[PDB]
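Chains as they are written, first to last, in the entry's author numbering: chain U, 18 to 60, 92 to 175; chain G, 18 to 60, 92 to 175, 227 to 241; chain E, 290 to 530; chain C, 242 to 385.
Scroll down for the structure; my scribbles are underneath it.
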């Protein structure tokens, strides 16, 4: 249990901070993301130029252009991070919790803590 | 209880990822799903077309097309995933918590853990030889 | 589909037949749906591997042959069996724990255990209160059906005549020569065939032997090499020529 | 009896091959996964843009072709994207340190000789050698 080296400790902290960024971008990406589009048309001074659109036409071109002409990486960035950092945590945790080698480790740290506790080897080590 | 093979371990962790997808799709499907509809009509250069419609009617035709002409599988995908992965959890969980053969396993692991535990089997496994033990581990091994 | 085409009965209320309808979420459901079935085919594929072991290498007594071939490998040969398929799952866990179970299961081993239970559960006050009899200090496991000789027997040198009817001890411990007072030995209803260098110990110790009610096979052959025996008791040799 | 258990350990381990091969395969796929993702993610950072243009098939439903499209969130994804890969490159450097430790000095027998040289120091000299690689991890904890 405390057989983990130090670098796997920093692997653990990097892992949880990493997915903390992932769940932040995922939450923010779901509840707040949208796109704002409007047409380029040409391709007493200042007045308001006006279009002829309705509200959901504007919302439609938001959806269509948002799906089509935007990069999937910019869309699914927190999901790639979240899935991908589960690969890293699954690697280190997988090695520790593969079954038969976990029997090796559990067996070994069992007898090893007995070896730590043996007061005769404390005494015979002291002489 | 710690007798499960490796593939049942993979069954557990793939199972909990699977229900995590289910609760993600269900939550997202409740609070963010809608449909955007507007009519096809035909079937200083560019100006915006206009419809004599209303925000009212857009929400109405949203509900009509969303209920009618949309596939039920896309409507109920997380619920099929959620209920269906609880079929898998009920398979392994129910097989292990079947009553009478679960009593067989519980009794079995009790004598199994003691059978790991007995230092006389460390001794008798470890070897005209002698050696005198104490009393009560004899009683335990009896 | 991302982009569906709707056509409904609304025309008297809104006055249009066909509605181009975009669903802004189908790409997300599509990608995690494909990710979902990818997870399931990996899942059920491993379930098929379990079935392939179920039909390939799994039986009702296959692990029992692992017990007894392991026991012939483990020098405690004759071991009985209890159900293998649950034992097969722990065979997949580790054969080390399988080894712990079978080594506990063998009757030679627990025979040795209850023999040691005899060895610490006959006490000095017991045979102390069984010492002095008819002519001399005479002890009885005679008519007592004990499975083994206690080791506090060779503690108390006061013994002179030993009585050993009804006992399955084929062997006697070599430390029995500590009993230098013992010279008259009753070995009836038993088959003590010691196979130890204690015979030379009693080659120069004893003078009386009692082999009562003993059949044709159960005459311990190596024992009668002690050339200081003086009297012999051979009742029950129901023997032809 | 604990010496018998250590004697059992001395028997059944047989110099611990599966935990070495398992540990080696899992750390090597961790490293090559790291190199793969830093390739395409640095290839896609500049493809995050604040303001993009749009030219689609919407003429029959709106009458227009081109749309100025401001994404109001790309600066936030940009800063935590660059912050993110800064965290990842620090992580993958640690993965390189573990792999170089694996290749540099740790073997099946190196802590076997640490037992023997350390026993020459501890002056109970002739000691055998149970399995080093798991013991290397404890050598990474302390020689105590």
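C-beta: ideal position from N, C-alpha, C; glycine also.
Check	Outcome
Would a check of beta-carbon distances place residue 104(U) closer than 9 Å to chain C?	no
Considering only residues of the segment 310-380 of chain E, which uninterrupted alpha helix (DSSP H) runs meet the minimum length of 4 residues and lie entirely inside it, listed in chain order?	315-345 and 351-362
Mind checking if residue 375(C) is an interface residue toward chain U, Cβ cutoff 9 Å exclusive?	yes
Listing by chain order, which chain G residues have their CB less than 8 Å from the CB of residue 245(C)?	170, 171 and 174
Less than 9 Å between the C-beta atoms of residue 303(C) and residue 114(U), yes or no?	no
Nearest to residue 300(C) by alpha carbon, out of 59(G), 121(G), 25(G) and 230(G)?	59(G)
Considering only the beta carbon of each residue, do residue 517(E) and residue 500(E) sit closer than 9 Å?	no
Please report whether the beta-carbon of residue 49(G) lies at a distance below 9 Å from any beta-carbon of chain U.	yes
Pop quiz: residue 331(C) and residue 257(C) are said to be a contact at Cβ under 8 Å. What is the actual Cβ separation, rounded to whole angstroms?	With 8 Å as the limit, residue 331(C) and residue 257(C) do not qualify as a contact, their Cβ atoms being about 31 Å apart.
So the beta strand (DSSP E) residue 478(E) belongs to, where does it begin and stop?	Careful: residue 478(E) lies outside any beta strand (DSSP E) and carries neither H nor E.
Within 10 angstroms of the Cβ of residue 333(C), are there 16 or more other Cβ atoms? Answer buried if so, exposed if not.	buried
Which residues does DSSP list as the beta-bridge partners of residue 497(E)?	473(E) and 520(E)
For the beta strand (DSSP E) that residue 296(E) lies in, which residues bound it at each end?	292-296
Hey, would you say residue 454(E) sits closer than 9 Å to residue 470(E), going by beta carbons?	no
With DSSP as the reference, label residue 429(E) as helix, strand or coil.	strand
Which first and last residues belong to the alpha helix (DSSP H) in which residue 126(U) is found?	120-144
Under the DSSP definition of a beta bridge, which residues are partnered with residue 38(U)?	Paired residues: none, contrary to the question.
Identify the continuous beta strand (DSSP E) that holds residue 235(G) and give its terminal residues.	Run containing residue 235(G): none in the beta strand (DSSP E); it sits in the alpha helix (DSSP H), 235-240.
With DSSP run on the structure shown, which of helix, strand or coil describes residue 109(U)?	helix
Based on the DSSP output, what are the partners of residue 56(G) in its beta bridges?	308(E)
So which residues on chain U does residue 303(C) lean against when the C-beta distance must stay under 7 Å?	105 and 109
For residue 436(E), return the contacting residues in chain G, with the cut-off set at a CB-CB distance below 9 Å.	What residue 436(E) touches in chain G: nothing, since even the nearest Cβ is about 13 Å away.
Out of curiosity, what's the CA-to-CA distance linking residue 498(E) and residue 446(E)?	19 Å
Inspect the CB distances between the segment 22-33 of chain G and the segment 38-58 of chain U and report whether three or more fall short of 8 Å.	no
So, are the CB atoms of residue 153(G) and residue 144(G) less than 9 Å apart?	yes
Measuring from the CB of residue 352(E), is there a heavy atom of the ligand GDP at a distance below 8 Å?	You won't find the ligand GDP in this model; it holds no ligand whatsoever.
Might you give, ordered along the chain, the residues of its own chain that have their beta carbon closer than 6 Å to the beta carbon of residue 308(C), omitting 5 neighbours on each side?	295
Can you have a look at residue 93(U) and say buried or exposed, based on whether 16 or more other CB atoms are within 10 angstroms of its CB?	exposed
Listing by chain order, which chain G residues have their CB less than 9 Å from the CB of residue 322(C)?	Going along chain G, no residue has its Cβ under 9 Å from residue 322(C), so there is no contact; the nearest lies around 22 Å.
Let's see if you can read the secondary structure: which residues bound the alpha helix (DSSP H) around residue 274(C)?	258-285
For residue 244(C), which option in 124(G), 35(G) and 174(G) has the closest C-alpha, if you only look at C-alpha atoms?	174(G)
Can you list the residues of chain G that residue 101(U) reaches, using a CB-CB cut of under 7 Å?	96
Could you check which residue in 164(G), 171(G) and 151(G) has the C-alpha nearest to that of residue 379(E)?	164(G)
Kindly list, in the order they appear in chain U, the residues whose Cβ is closer than 8 Å to that of residue 278(C).	132
Since residue 20(U) is in the alpha helix (DSSP H), which residue starts that stretch and which ends it?	Element bounds for residue 20(U): n/a, residue is neither H nor E.
With 9 Å as the C-beta to C-beta threshold (strictly closer), list the residues of the segment 405-423 of chain E near chain G in chain order.	405, 406, 408, 409 and 410
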